[PDB]
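Okay, so here's the structure we're looking at.
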Amino acid sequence: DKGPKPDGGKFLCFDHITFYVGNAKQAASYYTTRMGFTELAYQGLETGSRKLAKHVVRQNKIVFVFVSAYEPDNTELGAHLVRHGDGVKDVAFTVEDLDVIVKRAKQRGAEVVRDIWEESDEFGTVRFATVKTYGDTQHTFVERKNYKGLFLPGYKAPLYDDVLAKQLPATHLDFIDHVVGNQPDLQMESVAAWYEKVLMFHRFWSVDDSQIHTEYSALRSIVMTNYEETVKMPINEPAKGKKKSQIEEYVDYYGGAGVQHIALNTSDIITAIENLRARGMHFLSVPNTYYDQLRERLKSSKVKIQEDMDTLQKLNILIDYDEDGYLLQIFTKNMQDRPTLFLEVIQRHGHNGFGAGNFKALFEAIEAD
Amino acid sequence: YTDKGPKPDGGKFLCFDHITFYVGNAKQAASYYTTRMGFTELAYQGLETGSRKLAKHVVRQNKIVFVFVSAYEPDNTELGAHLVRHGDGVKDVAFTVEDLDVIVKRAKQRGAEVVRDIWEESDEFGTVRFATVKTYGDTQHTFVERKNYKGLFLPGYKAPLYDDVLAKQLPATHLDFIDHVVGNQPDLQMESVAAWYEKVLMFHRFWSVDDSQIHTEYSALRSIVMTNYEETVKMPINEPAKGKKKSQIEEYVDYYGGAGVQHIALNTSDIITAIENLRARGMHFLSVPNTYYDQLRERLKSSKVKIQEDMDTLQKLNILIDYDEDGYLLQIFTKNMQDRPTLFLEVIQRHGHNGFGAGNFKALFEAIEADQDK
Ligand SMILES: CCN1c2cc(C(=O)c3cnn(C)c3O)ccc2N(C)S1(=O)=O
Ligand SMILES: CCN1c2cc(C(=O)c3cnn(C)c3O)ccc2N(C)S1(=O)=O
Ligand SMILES: [Co+2]
Ligand SMILES: [Co+2]
């Protein structure tokens, strides 16, 4: 049951994620060097953009945009930087029928950041609109059709190459699996209802939604998704559990709601993590007891793990499974000093969950250890 | 044998201790400088070490120590305003000192604005005493009476949480120490700031070949280099001046929102290997046209100076030369460390030459003009 079918309009996929950061040039360099992206496009003084510098980096279909202000006392960007640290500002969706989505969103009460506008260059035209979501986060809808340019109109090829990024081993991340937003206490349901009402998303039901793990996760979660379930937006709030809630820590250190992690889907997670580790990236410490009590729990299970299990243990890759399939997942250390944003790499084998079984599994290994 | 002014009665500025940057993302900043510029992360302070308000990443390359600092909490007033006003930039030019008391007494007596009066910190490796005074803009000087402290960097710092196999693997860049640190001032402020160094710290004006030359038309700046009595620490002070083009010093002040450090120069004894391996790490530098090297070789025809380094390689790497009859220096400037047109770095090697490359204002301007009009 996906609820009522929206009468026109479609959210095709994640278009890109825009970050507001203190130093967009060094941030782009962090994600190309550490996380396997390559700089794709630029806007700045050199291109006529005199207020904002924008570095676009890409890995297959994953596009991150890093933005910093050129001028002192830019009040909007500055306040966001002082409040949150480096973080996600805009989760952008590629859309069909922008007019229908925007008209509906406006009728249903969305706060409009910028009404429908368009930008053009030699390679075609793209239309946009931007509304607010939780915290300081916004959604830009991008009606890009089959735009043939570099990324978006007005963006130019990077000023310089990067021989270091070019020589480093490829990390094989393909697309954005899901983007997770942490909310303050008691806000999960109202934020989920915003997606249902304003965008006509519906709640996505997975194997995770059928077995509660509140005691070990210290959170509540609802996953909201569009009608075709191509875009997945988990919404968390803090909950009482055995240990301090990570969601409450996020809200305290981020200064309110925001994106806690972005999960990046791969079809070869062993090569991904080997090559990310070669790039100096670090991931959560996983005690070896986790892997003893998984080979044994899998003894009473019929699912067949295709990846070499000793290599999974060596790389500290996690596994969650039911009887019909499984997923592999691993979490980076934080992208900044604040205990706020991190990244996830995930590979799916006939399993639509998000790893909730690992809340209990990891918690007990760390505790026993 | 120069007039270095009155000898200070007590107190010694030994060398640059470290440079502290206030930045938006200190973890990512340290990674920029280790990966791109050849540093190694040395030490850390943060939540995991008991430092609950500030995260600090210390990176080192031989004697060069850079510290990157970010706030942990929302709406940290002091660091927040600095970030919004300046972008990422230098906050503290720290000096290793002897006889802190007399230095601090003299500075306070002469009107230094004190940021933090003398205090001290200790751990299992010993004690270090500090004081901090303001200099130009939002920049400050911490005096570090380091004596012979035995810890990693300073009391309270710990080893980095993780190693970095990428920083470890990359080619060595052979930068040794901080040659000088340049502060850009707004209109008409150069003399006042230079006087502050003479009066408050008992620095004196350092005279070099550059001071005996006419370059304002090409440089669009006026400069005075202040240095400590023993001339181990050099602090050039720039202000805008009318020139043939817009002053880069004026542009700095517009985009930095006031005075601040414009560049830090790092001394090397093998600039060829340094620049080769910085380029291998993806660093970029100013583009220098072939006309520069053609015109330089022509000028050198009337000189007795002997360039030791391979000139074809210097041209290939776009390294600059300035020279007189007794020696020369080699120098090269990175692209900017951030999007705002503010801070950059300099790599410099000296062969019996105490200048700062002022001959290259004319040489580069004229080389670019000849390359266009040809
Ligand atoms: C990294 C924090 N941790 C985390 C995150 C997820 C996750 O990404 C997730 C769960 N539900 N939804 C919708 C998601 O996106 C799953 C398990 C675990 N752990 C065991 S953890 O504490 O290490
Ligand atoms: C990078 C901007 N440029 C620059 C900087 C210096 C320098 O480091 C310097 C000059 N005086 N003092 C005290 C210094 O430290 C010398 C020459 C040139 N150019 C020709 S430049 O426009 O490329
Ligand atoms: Co996830
Ligand atoms: Co210099």
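Quick note, the sequences are listed as chains B and A, same order. Just so you know, PDB author numbering puts 296 at position 291 of the first sequence, and the rest follows in order with no gaps. Just so you know, PDB author numbering puts 353 at position 350 of the second sequence, and the rest follows in order with no gaps. Even for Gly, the Cβ is constructed at its ideal location relative to N, Cα and C.
C-alpha gap between residue i and residue j, whole angstroms
i             : j        : result
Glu220/A      : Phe364/A : 9 Å
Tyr35/B       : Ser305/A : 48 Å
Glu312/A      : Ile275/A : 8 Å
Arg208/A      : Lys319/A : 36 Å
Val196/A      : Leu204/A : 12 Å
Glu372/A      : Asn187/A : 26 Å
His356/A      : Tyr331/A : 5 Å
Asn270/B      : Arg300/A : 56 Å
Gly261/B      : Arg39/B  : 27 Å
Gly263/A      : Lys161/B : 31 Å
residue 388/A : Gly14/A  : This structure gives no information on residue 388/A, because the portion of chain A shown stretches from 4 to 377.
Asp329/B      : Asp120/B : 45 Å
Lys307/A      : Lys137/A : 45 Å
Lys338/A      : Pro174/A : 20 Å
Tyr295/A      : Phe288/A : 15 Å
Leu346/B      : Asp179/A : 36 Å
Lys66/A       : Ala33/B  : 28 Å
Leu367/A      : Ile322/A : 12 Å
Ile106/B      : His183/B : 21 Å
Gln112/B      : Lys202/B : 10 Å
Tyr165/B      : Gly41/B  : 17 Å
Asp342/A      : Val236/A : 29 Å
Same chain only: Cβ atoms within 7 Å of residue i, ignoring 5 sequence neighbours per side
i       : result
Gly27/A : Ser73, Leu86, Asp91
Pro77/B : none
Span of the alpha helix (DSSP H), counted from its first residue to its last, around residue i
i        : result
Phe128/B : From DSSP, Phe128/B is part of no alpha helix (DSSP H); its letter is neither H nor E.
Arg343/A : That residue, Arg343/A, is in no alpha helix (DSSP H); it is neither H nor E in DSSP.
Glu220/B : 219 to 222
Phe364/B : 362 to 373
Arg300/B : 294 to 300
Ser305/B : It is not in any alpha helix (DSSP H) - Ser305/B carries neither H nor E in the DSSP assignment.
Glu194/B : 193 to 199
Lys30/A  : 29 to 40
Residues near residue i by beta carbon distance below 8 Å, same chain, minus five either side
i        : result
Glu123/A : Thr130, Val131, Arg132, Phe133
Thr37/A  : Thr43, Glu44, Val62, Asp167, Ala170
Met193/A : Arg225, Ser226, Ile227, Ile240, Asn241, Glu242
Residue i CB to nearest heavy atom of ligand 6 below 8 Å
i        : result
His266/B : Ligands in the displayed structure: ligand 1, ligand 2, ligand 3 and ligand 4; ligand 6 is not one of them.
Residue i (DSSP reduced to helix, strand or coil)
i        : result
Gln251/B : helix
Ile310/A : coil
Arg284/B : coil
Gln352/B : strand
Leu289/B : coil
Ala175/B : coil
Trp122/A : strand
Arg55/A  : coil
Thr316/A : helix
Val256/A : helix
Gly83/A  : helix
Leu155/A : coil
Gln216/A : coil
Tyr232/B : coil
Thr5/A   : coil
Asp376/A : helix
Residue i: first and last residue of the uninterrupted beta strand (DSSP E) it sits in
i        : result
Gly263/A : 263 to 271
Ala97/B  : 92 to 101
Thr145/B : 143 to 148
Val185/B : 178 to 187
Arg113/B : It is not in any beta strand (DSSP E) - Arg113/B carries neither H nor E in the DSSP assignment.
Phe209/A : 207 to 209
DSSP beta-bridge partners of residue i
i        : result
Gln64/A  : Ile67/A
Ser226/A : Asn241/A
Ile324/B : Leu333/B
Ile22/B  : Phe69/B, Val96/B
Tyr47/A  : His60/A, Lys161/A
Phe16/B  : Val100/B
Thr135/A : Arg119/A, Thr145/A
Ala74/B  : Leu57/B
Cutoff 6 Å; reference residue i; Cβ partners in own chain excluding five residues on either side
i        : result
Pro344/B : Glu254, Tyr258
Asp20/B  : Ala97, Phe98, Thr99, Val147
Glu101/A : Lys15
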